[PDB]
$ cat query-v3.txt   # compact mmCIF, C-alpha atoms (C1' of nucleotides)
# COMPACT_ATOMS: atom_id res chain seq x y z
CA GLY W 1 273.49 109.74 49.36
CA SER W 2 274.88 106.52 47.78
CA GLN W 3 277.59 107.47 45.19
CA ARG W 4 279.76 109.73 47.48
CA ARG W 5 280.84 112.85 45.44
CA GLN W 6 282.02 113.11 41.77
CA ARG W 7 283.86 116.51 41.88
CA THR W 8 285.50 118.64 39.10
CA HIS W 9 286.30 117.76 35.40
CA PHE W 10 284.53 120.88 34.04
CA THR W 11 285.83 121.50 30.47
CA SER W 12 287.18 124.97 29.49
CA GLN W 13 284.27 125.35 27.00
CA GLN W 14 281.79 125.26 29.96
CA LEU W 15 283.83 127.93 31.83
CA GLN W 16 283.81 130.18 28.67
CA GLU W 17 279.94 130.39 28.83
CA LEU W 18 279.66 130.33 32.67
CA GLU W 19 282.15 133.24 33.27
CA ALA W 20 280.76 135.23 30.28
CA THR W 21 277.34 134.92 32.03
CA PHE W 22 278.71 135.63 35.59
CA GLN W 23 280.06 139.04 34.32
CA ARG W 24 276.44 140.10 33.31
CA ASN W 25 274.24 138.16 35.84
CA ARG W 26 275.56 136.86 39.26
CA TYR W 27 272.07 135.62 40.37
CA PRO W 28 270.21 133.84 37.44
CA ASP W 29 266.67 132.36 37.82
CA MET W 30 265.99 128.63 36.99
CA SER W 31 264.46 129.76 33.62
CA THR W 32 267.99 131.06 32.72
CA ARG W 33 270.02 128.32 34.55
CA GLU W 34 268.32 125.69 32.32
CA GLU W 35 269.34 127.72 29.17
CA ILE W 36 273.02 127.78 30.37
CA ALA W 37 272.61 123.98 30.75
CA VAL W 38 271.33 123.66 27.08
CA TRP W 39 274.45 125.55 25.76
CA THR W 40 276.86 123.21 27.70
CA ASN W 41 274.85 119.91 27.67
CA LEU W 42 274.61 120.11 31.51
CA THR W 43 271.45 120.21 33.72
CA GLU W 44 270.13 123.12 35.90
CA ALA W 45 271.50 121.84 39.26
CA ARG W 46 275.06 121.58 37.74
CA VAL W 47 274.83 125.29 36.77
CA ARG W 48 273.38 126.15 40.26
CA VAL W 49 276.18 124.36 42.22
CA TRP W 50 278.76 126.09 39.95
CA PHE W 51 277.10 129.52 40.60
CA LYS W 52 276.86 129.16 44.44
CA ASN W 53 280.47 127.85 44.51
CA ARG W 54 281.48 130.91 42.34
CA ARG W 55 279.98 133.32 44.92
CA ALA W 56 281.31 131.20 47.86
CA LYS W 57 284.91 131.06 46.35
CA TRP W 58 284.75 134.75 45.50
CA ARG W 59 284.16 135.15 49.29
CA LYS W 60 286.64 132.37 50.37
CA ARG W 61 289.46 134.11 48.33
CA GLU W 62 288.54 137.88 48.42
CA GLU W 63 285.48 138.27 50.88
CA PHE W 64 284.52 141.75 49.49
CA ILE W 65 287.10 142.62 46.76
CA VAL W 66 285.84 142.92 43.12
CA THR W 67 287.31 144.58 39.94
CA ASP W 68 284.36 143.82 37.53
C1' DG U 1 298.86 117.80 57.07
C1' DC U 2 297.49 121.55 53.91
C1' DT U 3 295.43 123.90 49.52
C1' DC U 4 291.94 124.38 46.52
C1' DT U 5 287.15 123.78 45.04
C1' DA U 6 283.20 120.98 43.84
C1' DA U 7 278.74 118.34 46.07
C1' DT U 8 276.12 118.76 49.67
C1' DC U 9 273.78 119.83 54.84
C1' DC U 10 271.47 122.92 57.57
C1' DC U 11 269.70 127.28 57.98
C1' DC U 12 267.73 131.85 56.59
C1' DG U 13 263.77 134.76 54.53
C1' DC L 1 262.65 129.38 45.28
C1' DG L 2 267.46 129.41 46.21
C1' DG L 3 271.40 132.21 48.74
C1' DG L 4 274.86 131.73 52.18
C1' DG L 5 278.33 129.43 55.57
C1' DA L 6 279.43 124.97 57.20
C1' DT L 7 280.46 120.88 55.84
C1' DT L 8 281.92 116.31 53.31
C1' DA L 9 284.39 115.04 49.90
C1' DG L 10 288.24 114.55 45.98
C1' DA L 11 293.37 115.07 43.55
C1' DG L 12 297.90 117.25 44.03
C1' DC L 13 302.07 118.85 46.82

$ encode --input "query-v3.txt" --output "structure tokens"
Amino acid sequence: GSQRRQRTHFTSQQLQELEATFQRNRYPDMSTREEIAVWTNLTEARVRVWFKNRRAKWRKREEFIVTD
DNA sequence: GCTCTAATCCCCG
DNA sequence: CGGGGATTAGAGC
């Protein structure tokens, strides 16, 4: 890469659609990840890196534990 | 030096 | 297609 890494500055409005989706679908297809990007003014890869970090930081805080 | 977590590398099927 | 752990990265204590 050329621009190093941006990191963070997600707004609370993005989290309020992303978490409300993660409680009904933990593994969305690109056809749905682009819709989540329309509702937030993001793009599909931004939703995908949030979703794999959500599963990875579930594991890197709890490994198996869920309350759902 | 250490946490916390996003942006990405390499691997898996 | 894209998940999963390792990894590189970034701001606060």

$ interface_residues --input "query-v3.txt" --of "chain W" --to "chain U" --cutoff "12 Å" --atoms "only C-alpha atoms (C1' of nucleotides)" --output "NGL selection string"
:W and (1 or 3-10 or 45-58 or 60-61)

$ interface_residues --input "query-v3.txt" --of "chain L" --to "chain W" --cutoff "10 Å" --atoms "all atoms listed in the file" --output "PyMOL selection string"
chain L and resi 1-5+8-11

$ residues_around --input "query-v3.txt" --residues "residue 41 in chain W" --least-positions-apart "6" --cutoff "12 Å" --atoms "all atoms listed in the file" --output "count of residues only"
9

$ atom_distance --input "query-v3.txt" --atom1 "CA of residue 67 in chain W" --atom2 "CA of residue 24 in chain W"
13.5 Å

$ atom_distance --input "query-v3.txt" --atom1 "CA of residue 39 in chain W" --atom2 "CA of residue 22 in chain W"
14.7 Å

$ axis_aligned_box --input "query-v3.txt" --around "range 8-12 of chain U" --padding-each-side "8 Å" --output "AutoDock Vina command-line options"
--center_x 271.9 --center_y 125.3 --center_z 53.8 --size_x 24.4 --size_y 29.1 --size_z 24.3

$ atom_distance --input "query-v3.txt" --atom1 "CA of residue 64 in chain W" --atom2 "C1' of residue 7 in chain L"
22.2 Å

$ build_atoms --input "query-v3.txt" --residues "range 23-45 of chain W" --atoms "N, CA and C atoms" --output "tab-separated table (two decimals), in the frame of the given file"
chain	number	residue	atom	x	y	z
W	23	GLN	N	279.72	137.62	34.50
W	23	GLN	CA	280.06	139.04	34.32
W	23	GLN	C	278.87	139.95	33.96
W	24	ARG	N	277.69	139.38	33.63
W	24	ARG	CA	276.44	140.10	33.31
W	24	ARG	C	275.25	139.77	34.23
W	25	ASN	N	275.27	138.62	34.90
W	25	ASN	CA	274.24	138.16	35.84
W	25	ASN	C	274.85	137.21	36.88
W	26	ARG	N	275.04	137.67	38.13
W	26	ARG	CA	275.56	136.86	39.26
W	26	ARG	C	274.49	135.99	39.95
W	27	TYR	N	273.21	136.26	39.70
W	27	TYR	CA	272.07	135.62	40.37
W	27	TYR	C	270.94	135.20	39.39
W	28	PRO	N	271.21	134.30	38.41
W	28	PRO	CA	270.21	133.84	37.44
W	28	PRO	C	269.10	132.95	38.04
W	29	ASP	N	267.87	133.18	37.59
W	29	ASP	CA	266.67	132.36	37.82
W	29	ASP	C	266.75	130.98	37.12
W	30	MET	N	266.00	129.97	37.59
W	30	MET	CA	265.99	128.63	36.99
W	30	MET	C	265.67	128.63	35.48
W	31	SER	N	264.80	129.54	35.04
W	31	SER	CA	264.46	129.76	33.62
W	31	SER	C	265.67	130.13	32.76
W	32	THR	N	266.70	130.75	33.35
W	32	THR	CA	267.99	131.06	32.72
W	32	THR	C	269.04	129.98	33.00
W	33	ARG	N	269.07	129.40	34.21
W	33	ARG	CA	270.02	128.32	34.55
W	33	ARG	C	269.80	127.07	33.70
W	34	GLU	N	268.56	126.77	33.29
W	34	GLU	CA	268.32	125.69	32.32
W	34	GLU	C	268.79	126.03	30.89
W	35	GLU	N	268.80	127.31	30.48
W	35	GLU	CA	269.34	127.72	29.17
W	35	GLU	C	270.87	127.54	29.14
W	36	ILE	N	271.57	128.00	30.19
W	36	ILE	CA	273.02	127.78	30.37
W	36	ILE	C	273.36	126.28	30.29
W	37	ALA	N	272.50	125.43	30.84
W	37	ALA	CA	272.61	123.98	30.75
W	37	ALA	C	272.39	123.43	29.31
W	38	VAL	N	271.48	124.02	28.51
W	38	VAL	CA	271.33	123.66	27.08
W	38	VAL	C	272.62	123.96	26.30
W	39	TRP	N	273.25	125.12	26.51
W	39	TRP	CA	274.45	125.55	25.76
W	39	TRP	C	275.72	124.74	26.08
W	40	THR	N	275.72	123.98	27.18
W	40	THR	CA	276.86	123.21	27.70
W	40	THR	C	276.64	121.69	27.71
W	41	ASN	N	275.40	121.26	27.46
W	41	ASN	CA	274.85	119.91	27.67
W	41	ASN	C	274.89	119.41	29.14
W	42	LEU	N	274.82	120.35	30.08
W	42	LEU	CA	274.61	120.11	31.51
W	42	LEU	C	273.11	120.06	31.84
W	43	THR	N	272.79	120.09	33.13
W	43	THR	CA	271.45	120.21	33.72
W	43	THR	C	271.45	121.32	34.78
W	44	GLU	N	270.28	121.88	35.12
W	44	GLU	CA	270.13	123.12	35.90
W	44	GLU	C	270.87	123.09	37.25
W	45	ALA	N	270.81	121.98	37.98
W	45	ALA	CA	271.50	121.84	39.26
W	45	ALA	C	273.02	121.95	39.12
